[PDB]
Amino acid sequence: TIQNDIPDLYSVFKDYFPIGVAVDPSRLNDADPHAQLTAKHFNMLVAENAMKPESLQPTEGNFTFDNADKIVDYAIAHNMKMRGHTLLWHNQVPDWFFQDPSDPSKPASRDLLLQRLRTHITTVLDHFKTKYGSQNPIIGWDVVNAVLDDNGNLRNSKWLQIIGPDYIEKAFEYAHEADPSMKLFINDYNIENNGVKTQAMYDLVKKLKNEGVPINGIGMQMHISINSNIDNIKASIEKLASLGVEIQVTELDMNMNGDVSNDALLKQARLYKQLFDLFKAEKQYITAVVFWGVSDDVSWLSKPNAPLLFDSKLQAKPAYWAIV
């Protein structure tokens, strides 16, 4: 059971930006405590998995939008906005995309993979536009996800192998043509550490935007840890924001590195407080902050963990009170 009388999390940030959460379609029933927590504290939703490529087109031409639509319906019912995650990634994408259909032992050509990407992106965006119309809660999409490797080079996924470096520009082009009302984002992790990957994201977006690619913003996943440096996060936000794009904190959670002790929870609270003070200070750039999971018990991180503001019993943690 949840705490019904404590402050609604997102309301505390009404003058800064919406506060969202990533959800599972199986946790949306009115009597489900996770759903109650979702509707109470957030005014933005994201599909943790239901809108990924494999979740939308498991086999070629066979689109499965039921779970995604269930989340969209829920968002509409609770007056929540949504982020679309994600049109392209190297994980949770079916092998068929990259295979020659007449000889699955061979790879698809650059033209065939591009056509498939175009069809996927266009069908996905057209689905939400045609089914929901003006009521579509999705305000933007992570057009490409995690396209950089640890060293800042372009990740050598099958997309890069088969098409080449311009597959990124093509994805944005296809999304923009399908629905110009959508804000288009390039999303990634570790770009908040002000290291080589932050610089690489900055260089890539600067290059593409200067070439006319319709990139509207950068999503900083923010899968931080109990040892993350606030100064580096601030420097990263400033650097990326200098490109004239929106910044959204898209998959916020805190890896405790196995230490879920009471002392660690207090340290977590202090860090989350500093983090949100930073976000508020940077409100002229940040247009959304989304947590990757409703509560600790449903977090994607391996156990033991305590990454969010609500614990495994769905109760507000010290971090929640520090921020509110």
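We number the residues from 1 along the sequence you see.
**Student:** Look up the CA B-factors in the entry and say which stretch, 238 to 246 or 156 to 164, has the higher mean.
**Tutor:** Higher mean C-alpha B-factor: 238 to 246.
**Student:** On mean C-alpha B-factor from the PDB entry, just flag whether 25 to 33 or 61 to 69 is the higher one.
**Tutor:** Stretch with the greater average CA B-factor: 25 to 33.
**Student:** If I read the C-alpha B-factors straight from the PDB entry, which of 123, 79, 86, 115 is highest?
**Tutor:** Reading the PDB entry, the winner on C-alpha B-factor is 79.
**Student:** Looking at 314, 19, 309, 301, which has the highest Cα B-factor in the entry?
**Tutor:** By C-alpha B-factor in the record, 314 ranks first.
**Student:** Looking at the C-alpha B-factor of residue 103, is it in the lowest, middle or highest third of its chain?
**Tutor:** Tercile = highest for this residue's CA B-factor.
**Student:** Against its chain's modelled residues, does residue 223's Cα B factor rank lowest, middle or highest third?
**Tutor:** Residue 223: CA B-factor falls in the lowest third of its chain.
**Student:** For the chain shown, is the CA B-factor of residue 257 in the lowest, middle or highest third of its modelled residues?
**Tutor:** Highest third, going by the recorded CA B-factors of the chain.
**Student:** If you rank every modelled residue in this chain by C-alpha B factor, which third holds residue 263: lowest, middle or highest?
**Tutor:** According to the entry, residue 263 has a C-alpha B-factor in the chain's highest third.
**Student:** Split into thirds by Cα B-factor across the chain's modelled residues, where does residue 292 land: lowest, middle or highest?
**Tutor:** Tercile = lowest for this residue's CA B-factor.
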